[PDB]
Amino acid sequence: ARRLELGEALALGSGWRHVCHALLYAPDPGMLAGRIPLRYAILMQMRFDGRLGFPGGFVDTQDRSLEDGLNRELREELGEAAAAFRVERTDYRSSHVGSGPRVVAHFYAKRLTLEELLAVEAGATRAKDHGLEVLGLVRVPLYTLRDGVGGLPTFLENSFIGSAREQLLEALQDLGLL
């Protein structure tokens, strides 16, 4: 893996492919078992290959920016509820270049209202990709249970796509969660 400057990434040869994924989240006041604060509702997706990842996809020649790519792809995966907002350049977090495929993976985090995020959750089964490219959404448990293993640490033992695990860890550190 290799962190790359955005300007650097945009200037990569025409050969390279770009993908954009977004962490959609909202403040959540709720309490699991009336005891353990949820803190935030964060969405991930089980992909057709059995790995957990974030919603998004490939930027294509038809797209004029990373962001039009992302939002276009977001609407496929999540359905019309995703068109209630737009992930923009101001939501951008990172670009990562692995080895293997010539792909740069850009990460975005978009804060929403709990209402908005819930509506995205509730409509995702009517999205184009549901039951095909996408197997279903999950929430990320931000809490660690009393045994120190259940909740977030066990969630992180699941199989993840690409940099999604790294991308999530980083975004939680930046939210003051650990």
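One rule holds for the numbers: they count along the sequence shown, beginning at 1.
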| query | finding |
| --- | --- |
| Of 164-172 and 13-21, the one with larger mean CA B-factor | 13-21 |
| Of 110-118 and 127-135, the stretch whose C-alpha atoms average the higher B-factor in the entry | 110-118 |
| Largest Cα B-factor, entry values, listed residues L70, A26, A33, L152 | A33 |
| Among modelled residues of the same chain, the CA temperature factor third for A82 | middle |
| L43 - which third its CA temperature factor falls in, relative to the rest of the chain | lowest |
| Modelled-residue ranking by C-alpha temperature factor, third containing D60 | highest |
